[PDB]
Structures are given as structure tokens and as C-alpha cells.
Amino acid sequence: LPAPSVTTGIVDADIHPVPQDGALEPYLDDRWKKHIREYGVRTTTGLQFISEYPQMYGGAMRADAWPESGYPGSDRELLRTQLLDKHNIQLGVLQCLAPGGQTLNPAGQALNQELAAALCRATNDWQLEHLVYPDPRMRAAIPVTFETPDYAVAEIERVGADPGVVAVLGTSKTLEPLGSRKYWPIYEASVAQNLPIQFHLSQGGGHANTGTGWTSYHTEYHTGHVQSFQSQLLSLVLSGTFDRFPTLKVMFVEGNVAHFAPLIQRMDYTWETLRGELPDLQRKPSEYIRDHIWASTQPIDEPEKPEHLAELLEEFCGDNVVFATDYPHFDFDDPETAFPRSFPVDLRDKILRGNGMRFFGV
Amino acid sequence: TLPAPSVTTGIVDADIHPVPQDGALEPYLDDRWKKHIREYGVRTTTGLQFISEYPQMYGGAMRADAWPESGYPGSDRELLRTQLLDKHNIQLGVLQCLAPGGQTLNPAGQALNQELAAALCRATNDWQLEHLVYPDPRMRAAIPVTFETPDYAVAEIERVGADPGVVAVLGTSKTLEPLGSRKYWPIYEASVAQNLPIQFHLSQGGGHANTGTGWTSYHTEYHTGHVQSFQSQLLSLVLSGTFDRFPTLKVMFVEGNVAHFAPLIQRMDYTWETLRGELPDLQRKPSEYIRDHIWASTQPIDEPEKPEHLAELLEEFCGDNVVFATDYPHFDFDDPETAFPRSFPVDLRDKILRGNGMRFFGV
Amino acid sequence: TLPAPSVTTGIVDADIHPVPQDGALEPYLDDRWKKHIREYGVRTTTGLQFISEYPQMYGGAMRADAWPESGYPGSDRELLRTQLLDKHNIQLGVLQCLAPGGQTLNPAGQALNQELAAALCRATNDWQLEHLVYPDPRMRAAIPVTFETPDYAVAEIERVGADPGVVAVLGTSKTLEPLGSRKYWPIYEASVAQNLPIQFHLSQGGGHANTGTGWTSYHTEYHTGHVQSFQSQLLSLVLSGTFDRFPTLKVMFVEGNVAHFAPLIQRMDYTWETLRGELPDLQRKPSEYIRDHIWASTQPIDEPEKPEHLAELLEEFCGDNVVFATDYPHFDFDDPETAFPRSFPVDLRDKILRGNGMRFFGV
Amino acid sequence: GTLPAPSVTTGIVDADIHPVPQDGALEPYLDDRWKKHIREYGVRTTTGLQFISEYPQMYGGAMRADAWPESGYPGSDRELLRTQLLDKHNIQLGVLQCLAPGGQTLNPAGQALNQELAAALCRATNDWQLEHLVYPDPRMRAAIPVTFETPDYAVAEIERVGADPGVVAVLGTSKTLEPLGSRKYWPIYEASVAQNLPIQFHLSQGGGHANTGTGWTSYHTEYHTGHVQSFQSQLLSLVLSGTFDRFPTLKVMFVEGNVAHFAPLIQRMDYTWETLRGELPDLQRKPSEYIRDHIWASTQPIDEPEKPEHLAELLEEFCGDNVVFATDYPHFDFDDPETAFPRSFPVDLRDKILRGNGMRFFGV
Ligand SMILES: [Fe+3]
Ligand SMILES: [Fe+3]
Ligand SMILES: [Fe+3]
Ligand SMILES: [Fe+3]
Ligand SMILES: [Fe+3]
Ligand SMILES: [Fe+3]
Ligand SMILES: [Fe+3]
Ligand SMILES: [Fe+3]
Ligand SMILES: [Mg+2]
Ligand SMILES: [Mg+2]
Ligand SMILES: [Mg+2]
Ligand SMILES: [Mg+2]
Ligand SMILES: [Mg+2]
Ligand SMILES: [Mg+2]
Ligand SMILES: [Mg+2]
């Protein structure tokens, strides 16, 4: 399969396909089909069929993205024409967030981690056969079980070298902050395959959705997603994970972008005083961003004064911001209208093209 | 070379708590970590500089008669020798060091800086061997290791686990993942490789609340609540199939009480009869794992209203797998002369005091 | 430090048979074993001084055109380079040394003196690395070890298994116990620890007759009969749950043919659907182990009467787990230019020549 | 458990007694999965036969016709074993060798091809014989069957119960898949020596090979006389492999392999070694020099030469200190201590066969 080529089209770092009903069954062992029929996929809830914050308005999907039968993102033809052709996407990165007709219930978060591994492997076989190889404008970010590194390492070794794969896919929420040594074998395996890692917004993880209680209303739930990414960035940087893995690239997907700038600013300021706690950390904290931390754009930040967007994106790192649409979610961003009227044209071009080309090794 | 432990006329005491005198760990700690501790203390799963989330009540939870001239109970090796080892003819006394200093329960392995945790575990292990075990090998060490960082724990088990002064690996009852999780399997593998069993002692911390349904308020809730963590760990270790992967691993629950395990296991089997289809990989019936894999120490002894129920429940658990402990110098210390009810059978009392622990510890 | 293998424009050849020149192993053998060989030869499971129980037919079963100026086919590294590596652009060629001298098939690991066998395996490994691999690292070694004495095999895997010139551990298709037996588990453990897969090459010997129902008479029976041992080994490795214990272990059956594995596995599943209750601990359906654990090399390529059936059966086995081999310099050598039928799909052949072997060897 | 060491006073040693569990007596000691497995499959071994071994017994199961209790198989009634054997012959150390999990003569637990089942049956047998027989009447002591063909499981069982004072030996079979000097078995020898336990190898069928080195026998004379051959082969391997150089305190007894034939076997071994010893240059002693410290043999079924004086000659040519009395109760060729030896047999040799020799083997 040839390497991805981006020339006059664009990069889209976050696309959500969904398998049609039964589409994963050719790839699952018999024991897991039986298990799912009898138990469903238990996770960090007391609920049979939904997550703890079920989608609010029409499944949080584009009203115009429902096909003849099935869920938005389950129709390959509609995805080719409504997304890939429409916006001339030449590298579109698939992030499968659910094994079935659902918006968000990640395979890696099944509490039966052997089932989780089986669902991740089936998703990877499915997306490569059903989407990537038939139309290699798409490439896969492969879900793995971050909470069981041995299984994730196995899956990265199995398919990580496939030219259809461009990243390893995790979740924004975890049981330990991602700088923990628990996850280091996954980083090691990813670097060995020259794969970057994308962490997509998730529920679950094992803790409440904030550091100070479970949220009540939808504003709190959705705005609160940024908090997990703030916590993860701090851990990955301050733990020295990037001293251990100096080539490891990480992208935060659907965590927003602008907030990272003042977070990193406060991180440096605090470190100037308190650095003595972490004497093995080799660089000033913000010095890790350019080489290690990326963010995708959707849902685009919308300051009251539009000029503040480019300022904050550059205060984060202008080279490390990568366009995404989030097709087919309701807060989908269109490359023709996402950026504010006065946004600098050269920054926009690299967000659409060069920045993601660098992140994915194009 | 230190001789193997020998139990002839004396008894096994599976849980004794020494503490290092002030400064006693400093020879075994690098200056970077000594400075760290001076500035930051041993930060753990609390917002408190020096104490844990449930500080002890009356007198530090220590026996009122166990205080040396100066220092904390358990810090004077001569007083431990005369008030405990000599007094009760303890010939295998297993040390479980629960704090790096003059405190009751602040385990080194639970420091959130896991590099500091590993350094403190290492220092504790060198200290207890040099200061207590080698001078008086009636004592032997259960070595604290960092269960939450398996690589560091494995390194420590490799470093010191084969020393004849060590008889077990020491963990905590509370953990971030239940102990049957694959996370901990490298520790089980290393322990088996060194022919060591594992003891899990009552702890605070772990990362979750002290119950599965909120943090407790009063001391009755806190102290009675320690049993709950061990119920949860037993279920995880058994149902996960950990003992199918490690068919020679022996684990003891220390200071989780004993009798409650019997009806827990009984409910486990009864539920499994219906729901076993969820866990088709598990090789044996759940209760069948107990005899070869799960031990419990006795302190604080269960005290039923009708004392005859004690022996019944210990046998319903597994009479061969119950091991005596005193918990010296804690306030609820059990004296082997007075702990057993009058009708208790001699066969069970004798193996609790000697043979059962000899089997667990490989003596 | 030897670079990792790199397969770009060329191919993987999973089975190449070099032979030491006369005396070439002597620098790597202790004088005691030199003396033993002079006085006893290499006694194995025969009553024969020099040959195995089924000696080769025409020309030693070697290619008529593979004889160097002096010595046995495979004994001249320059002819190996020009007639094999250069001729077919082999970029990962895996050496399987089947004899310590100028013979076709007399494996070191099968010497009945297992101390001698271990010394010959060690000497073969030092020799092939120094004479062949390091001078031309398109070649890499599958290291013979003594499967019938696991302690010695483990020692040799520890000694040389991490060398970058080594890509696999080498065993024999015939053994005294089926390969899923716990006897061989220490070897699987050591191989996994060195991130090494295992290749089992066609062999005579083992301790049993060459079929499960008597010794064969004619060469058709002997040579077609080699498939049988691999069928038996696959069944044991799968049904024993060896891959439940070692979930990262990869094994390749070398020169057992490929297509027959598909109906064998199909029968295994169909029988297990009824009889699975005998082995309730096996975690997966039997055929489900193939994809993650069982590979097969292609030579001598299966030749169905209707060529279309080849691709069908290779895919019914597992198309990602089939790896090219030439078997140079044996008479039934497969040329990668001609081995596959005209209509065979390019993607499947490409995987067989490149990606599949790269995955198996971790390249 | 706690139990005095055996005391042999005015009584005798009996090195081979065959008890058998009554129907169901092992079930309290077996996991549910193995009870189910046995119900559904029986105990598969190296045969194509559901219920019998490849050479089933000829006449009445090869039991003496007077040892049948009210209900069970011979050897299944503890009271009958006490009065018919231990009381009757003043046996003060009677060593139990349980050869079957049930009333089915000669079917060793260790030879089940499912070695996890085999281990479970060995463990159940050990728990049962200690509880039902040894502890109630400690004149009896156990030779604990273990799975020789799966050393990890055997080592575990030796570690589990091998230090129990009710146990006096580890119990194996005369036939194995590899000769007993093979390194495969060395972990078992290591674990046995660590528990200061000797090993007894009892006559068996099975093993994985034919019952001779040159084909399967046809008639019962060939089968029963053929049992000595396996012991000949095992002695040669154990000695010539240097197993006793590696384990210099290891003691082994061949049980029910006869005695006299060992003498000329060893004699031929030395004579051959004098020429060919260069093949095995590490061996520390002349082959026959291993016997005194390492190899014992029990007497039953006693050798019956045509001229009785040859018996004592051959027993001394083997090693007079290393011959140990056994009855083989309740099998048909049972030997009685009062009549087994020829009238002219030396009294000093007989006394040590009945007492001193076995005391030294079992560490009494
Ligand atoms: Fe998204
Ligand atoms: Fe979204
Ligand atoms: Fe305590
Ligand atoms: Fe306490
Ligand atoms: Fe070959
Ligand atoms: Fe060949
Ligand atoms: Fe007998
Ligand atoms: Fe007999
Ligand atoms: Mg600045
Ligand atoms: Mg300053
Ligand atoms: Mg540094
Ligand atoms: Mg390697
Ligand atoms: Mg198993
Ligand atoms: Mg099962
Ligand atoms: Mg003993």
C-alpha cells in the first residue's frame, strides 16, 4: 500500500467510522461472540447499553449524515462522497470509538481486558479491510488496550508496521496519568514501529469526569472534556516520559487547543520555583512541546475577538496544530469555514497540510 | 550464611511491626532522596504533609506498655526482644515495616513518587536485615516492595529476595487495581522465582475510597472497614485465574480478619454455580483455590458471641491456612496464651500457632 | 554490532542448509568432545555408525549442480552466495544446520549423548555466526539446541540467543514426547525471553517409528511420511494449551508442507465441537490459535492437480502465516521464480516472500 | 502432621504392601473437574483399552484367594490388612505402595496420559493413605506416588507432603519413557534428597515402550518373567549416567524386580566398563561400587534356585546389606517371612534382610 501523499488536498486527523451490525464477527473468536451476546460489553458503569453521559441531541451526530440503514459513519460510500471527495482529504485518519452503532464506547475500556483486546484487534482487521485498503486516502489509528500494556504491545507488533496504519489510538481518560511507567511499554512499542500516538476524548477511565466530582449538566460534561487533556499533558511532560522516549510523538484529539497555551505557561512558571522536586527532568517543561505534543483543531476554539485564536495557537506551538473535521459528529468543522475571517493564511495552510504531514511521517 | 528458620517448641508470629529509629534509614538512602523527604515528606494519596487520612485514635493505636524510654513502640530492638520474642517464645517472627519513621501506618510503597517509594523500600529492607534479622534471626523480613510499579518491585525481589533473612514479599491490602489484575503478575512471577510467598497487610491509601461506596466517618467504620478490601482482593485473585497462571503462588491476607472469608467464599461458589459462564477460562471451582493459595493471619482474633462459632468458621475457611500473629505493638495485640476460646480444639490451635505458618513460609 | 535484517527488493528464505567443512567445528568443541567423536562418532536412535535409518537416495538428495570443487553441497560459502543469495536476491536467509559435517540430515540435537549433543549445538552456533552470518549478514541463524534436554537448550539460548545474527531457535519435527508436553515449556519460556520464535525442521529419529503405525519401507512412504509428524505436533501444541501459557510464542513448521494443515485444523475444530469437554481449560477454539502462533514454510511447494486449489488451501490454513523457503541445496529446491502457479495472486505471494516472514522473525 | 519416626524393635520391615482405596474414597480429595473427567473418560494411559491394562491379570486378578474382604477388592479393608498381615507377621514398618486409584489391580496414577489428572490422583492418593491408613496405624508408612513423567508436578508434591513423618519414600514405576538416569528425572531426585527421602520403583506395565526391548510379549510366562528386564535397564542407566555422582546421598530400591539377576548384570557391567569406560570418563566409581551406597532390592517374589545354596551366594554377590524383605500382600505370589527363605539360609543374612537392611534404607 503506498505511503500517504498529501499535495493539494488536506489532512483530517479525526474521522469516526462505525462497523455495520455484525461486521466485527468474522474477526472475533467464538468465545467473545458468545460473551457479548450474554453480557454485552461491561465498562466503568452500572449500565447495560449506554455510557454514563449518553449523547444528548440525536446522538450528537450531523443530522445530514445518517445513511439508508445504520448509524452515521457506517456507510463507506457516504463517507467517501460527503467527506473525502467533498473536502479533498488526502490523509484521513480513522478513530473507531465504538465496536457497534454507538457514538462513544471504546473497545479498550471494556473491564474484561481480554475482551477489550479482542475488540481492538477485530476493529483493526475490520477498518483495514473495509475502509483503508479499498480507499487508502483513509489510514487507521489503531485502538489498543492502554490499561493492559502486554496486550497493546502485542497488537502494535502485529499490525503496527502495516502501511495502512499511521498511529496508535488511546483515550483521554485512564486510571493513571499517562506519564506513569505503566504505559511506557506501549510507548516503547510505538516508537519501535515509528508510530505516533493519538489520544481521543473519552468518558470512563476509572475516575470521575473531573478531579472534583461527577458533572450534572451537558455544558459541564462537554466543556469538562478539556480537563482530562490538561492533566495528561502535565503528566506526560513532568514525568520525563519524553526523556525516556525522545522520538515519541503524542497528539491530543478533541481536547481543544487554546487552553494548552496558558496551561503550559503556568507549568513553566510553577516549575521555575518548584523544579527541585523533579531534578531528573532534562528540559524546561515547555521545551518538550515542539518535539512531542500536538493537538487537533476540532471543535475549533471561538474567542469573542477572533484575533485571539491565532495568538493562542502560536503560544501553544503553531507547527503542532493539525486540522480535523470530527465527521460525522454534530460539532463537525468544515475546512472552508472553521477558521475566522482574519486568520493568517500561512498558519491555516500548515494546519491543513504540513503540520499533520510531519506528525504522521508523510 | 544465616541458618534457615527453625520452629521447635516456640511459635510463628506472622505480623510484627518494628520501626526505624530517627535517622536509621539514612545510611541506606542517597542524599537526593534525603533532601526530597526533608522538603516534600513522603507524599501519598492524601492532601496531608505528615499523617494519613485516618490518623490513629487513642495513643497512636499502640499498646500503652510498649513505649521505650525514648522513641516509638517497636523502635527499641531490646524491648521487642524481651516484651515479645522472649515473652512468647516466638521462633519465627515476621517483620512487616509499615512506616519509614516513628509512625504507625504510612507504607513506603504507597509514596506517589514511585522512585522515592522504591528507594525507601530498599532502605527499609537493608535496615531491617542489618538491624533486626541478622542480630536475632528469630525475626525474618517480609520485604516491602512497590506493588504499583512492578518493574521496581521485581528489581528489589531480585536484589534481596534470596537472602535467607527474607521469608516473604510485603504488599498492601489496598491497590489501584484489584490484585488479580495482570499489572501485578510480574511481581507474582518474580516472587515464585525466589520461592517467596506474598503477605498483604492492612493499609489505607490505594487510590480509592476506603469502601466501595464512600469514605468512612467514625473509627468503628474505618477499622471494621479494613475487612472489606480483603474481601475484594480475594475475589479478584481467585476469579481472575491468577492461580491458574501461578499454580505455586501462596498469598496471605494479614490483619483482614478470618471468619468473614468463609461466608464470602460460600457466596462466591453459590453465585458461580449460576454465573460461571462469564469466566470460562477459570480452571477450578472458586473455593478449590483456597487450600493451595489463600492464607489468613488471625489477629485481631474474631470474637463471636458463642465462642464455638470461631473454630467452625475457621474450618469453613480452611483450617490448614490460618496462621497466628500478635500484631505487636499495636493496641489490639493478641496474646497466644489468651486468644483462643476455651472449647477450641487443640489440633487447630496447634497448627495455627506452628505448623500452618511453617508451611506458608517454607520452614 | 550487527545491523538488523532489512528486506526491501529481495526475499525471505526460511530454510537454507549450510554444512561445516571437515574440521570446521573443532575450534569450537572442547577436546573431550573431539575425543568422543573420534572414538564413538555421533550415536543417535539407530544401530548405524555413520548414516541415519533412511539414508538419501540419488546423489545424497542434493541438487546435482550444487557440488563445490571439494566438499559437500552447502559447505562452500562462496557457492552459497553465488548460487543462492545473489541468484535469488535473498535478503534474509535463515540457516538451519542439519548435520555437523558433510552429510544431508543428521542433527546435532539428536545425539543420544546429550552432553555431546549440547556441545555440538554450541559449536555449530559459534561456527555459523563466525563463518557465514557475520561475513554476509543477509544470512541469519536458526540456532539448533537440545530439545530433549531443556536445561542445556535454555543455557544455549541464554548464551547466544540475543546475538543479532540469530533469528530463531531450531528444533526437529520428531521428538520423544509431543511438543505440547510440559517437558519443552522451559525452552518456550527461554525463547520468549529472548524474543525468539521457534522453527521445527523435518527430521528422522525422535525415539519412535517414523509413522504412528510402523516403520516405512519405500522412499515414497518415508518422504511423504514427513508430513505426519508435523500434523501430530500441531495437534499437541494447540490442544495442550501451550499458547495459553505462552501467548507471544511463534512456531514455524519447516518442510512439513502447508496445504494439509488446513483440513487437519478443520477436522480438529469439528471434533472439538463435540469433545471439547475433555480439555475444558483450553481458552480458544483450536483453529483460533493458528493465526497468532503457527507458521509454515512452503518448500516443497504443494502441487494440486488444479493449481487454483493451492491459494485456496493456503488461505484456509492462514495466508499471513505462510513463509517462502528454497531448501537449498536439496534436490527438491524451490525456485521463487517458478514455485507458484501462474494464476496465483501477487499479494499472497508477496506476503509469502516478504511480509509474512518479516513478521515471524520480527524484522 | 506429627508422628514418631518408625521404630523397628523385635518386628520386621515389609517394603511392599498394596492397599487400595474403597470405591469413592478419593473423591473427598479431588477437585470437581477431575471427578467429572474420570466419570466421562476414565483414566486414559498407554493403551487403547477403557478399563484394563495391556496385560490383565491371569487368575483371579493375581490375588491370593483368601484376602478378599466382605465387599471390596483385596487390600481395600484396613482391619483385614491389620489382622491378616501387620498383626500376623509382627510388621513394625510396613511400606504402602498404592498402585491404583481403585479396585483395579495395577494401574498407576502416575501413568495417566493426562498428567494434570495424574498429579491430582497422586495427591489424592497421598492425602487418603495418610489419613485412612498411616496416621490411624503408624506401623504403616507411605511411599508417595508422584508423576515421574512430569517432574514439576512431582517436585511440588514432594515439597507438599514429602516432609510428613508418615511418608518414608517416593514411589515410581519400573517403566518410564526415558531411562531413569536421564536428566529429566534429576529434579525429582533433587527434591527427594532435600526431604531425605529414598525412592522405590515398583514393577509396572506401561511407560511408553513395549514391555521388552525387542517386542511385546505374548504369553503370561513372558510377561511376568519379563518384568525383571525393565529393572536391569534402569539399574544400568542410573549407575552409568553418574546420577549417584550428582546425588551422592540418593538411595533407590527396585521393588518386585527380583534380586539374584542383578548380580551377574552388575558383573557384566563392570567387565564391559573395564574396556569401554572411555565413553563415560566422568563417572567417579567403578559401576559395581555404586550398589552399596545407592541400590537396594526387595525380596518378593523370592528367587528359587535349583540348589538353594545359590540364593545366599547371589544375594551376597549383589550386596547382602541391600536386600530388604517384602510380602507383596495381598498378591498371589505373596511371600511369608517364616517360609520364604530356604531351610539352610544363613541366619545372620536373613535377620538383616528382615530388619537391619530396610531400616538403613528407610533411615530408621
Ligand atoms: Fe472525534
Ligand atoms: Fe466528537
Ligand atoms: Fe499489623
Ligand atoms: Fe495493627
Ligand atoms: Fe530443509
Ligand atoms: Fe530438504
Ligand atoms: Fe508389589
Ligand atoms: Fe505383586
Ligand atoms: Mg515565554
Ligand atoms: Mg527563580
Ligand atoms: Mg540526568
Ligand atoms: Mg534477536
Ligand atoms: Mg495447564
Ligand atoms: Mg474452560
Ligand atoms: Mg521424613
Side-chain angles (χ1 to χ4, degrees), chain B residues 241 243-248 281-284, chain C residues 13-19 52 54-63 66 72-74 80 84 93-99 103-107 142 144 168 170-174 180-185 188-189 199-204 219 222-227 229-230 236-247 252-258 278-284 296-301 323-334 339, chain D residues 31 33-34 37 113-120 147 150 152-153 156:
Chain B
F243 302 119
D244 292 340
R245 171 66 179 81
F246 301 106
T248 77
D281 301 345
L282 186 64
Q283 296 189 5
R284 314 171 74 185
Chain C
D13 180 355
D15 192 27
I16 301 170
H17 297 304
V19 153
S52 69
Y54 295 102
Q56 293 69 45
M57 304 252 84
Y58 327 103
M62 297 294 188
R63 272 175 57 171
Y72 216 65
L80 262 161
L84 177 67
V94 180
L95 304 175
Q96 303 198 24
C97 184
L98 300 179
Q103 304 163 97
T104 301
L105 176 62
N106 310 78
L170 178 60
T172 59
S173 70
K174 294 184 173 63
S181 300
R182 195 180 180 92
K183 171 173 177 173
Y184 306 111
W185 286 23
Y188 305 149
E189 183 178 49
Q199 293 178 289
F200 297 101
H201 188 283
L202 167 167
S203 75
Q204 293 179 33
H219 234 256
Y222 157 73
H223 196 170
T224 312
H226 274 307
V227 156
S229 314
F230 287 104
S236 171
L237 278 162
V238 170
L239 298 170
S240 67
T242 292
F243 302 122
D244 290 340
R245 171 65 181 81
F246 303 104
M252 180 186 296
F253 298 131
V254 178
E255 210 161 328
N257 281 65
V258 189
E278 195 186 4
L279 300 171
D281 298 334
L282 187 67
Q283 295 182 5
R284 318 172 76 174
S297 60
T298 50
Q299 185 280 343
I301 190 86
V323 178
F324 184 71
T326 64
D327 206 34
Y328 181 87
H330 293 184
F331 82 99
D332 57 349
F333 168 92
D334 279 335
Chain D
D31 283 353
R33 66 211 174 103
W34 299 122
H37 182 93
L113 275 173
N114 183 322
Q115 284 283 285
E116 292 70 40
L117 172 64
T147 56
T150 310
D152 279 348
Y153 300 166

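Proteins come first, then strands; the chains are lettered A, B, ... in the order of their sequence lines, and each starts at number 1. Numbering of ligands and ligand atoms starts at 1, following listing order. Both backbone and side-chain heavy atoms feed into the values below; hydrogens, waters and symmetry mates do not.
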Original post:
What count do you get for protein N/O/S atoms less than 2.8 Å from the Fe ion (ligand 5)?
Top reply: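 N, O or S atoms of the protein closer than 2.8 Å: 5.
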Backbone N/O of [Y] and side chain of [X]: donor-acceptor pair under 3.5 Å:
X	Y	value
D/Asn114	D/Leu117	yes
C/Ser297	C/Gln299	no
B/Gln283	B/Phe243	no

**OP:** Describe, in one word, how the ring planes of C/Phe253 and C/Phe230 are oriented to each other, choosing from parallel (under 30°), tilted (30 to 60°) and perpendicular (over 60°).
**Re:**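 Perpendicular.
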Original post:
What is the ring orientation for C/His219 with C/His223, classed by angle as parallel under 30°, tilted 30 to 60°, or perpendicular over 60°?
Top reply: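 The rings of C/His219 and C/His223 stand perpendicular, inter-plane angle above 60°.
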**OP:** For the residue pair C/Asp244 and C/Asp281, establish whether any side-chain heavy-atom pair is separated by less than 4.5 Å.
**Re:**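 SC-SC contact between C/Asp244 and C/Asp281 ruled out.
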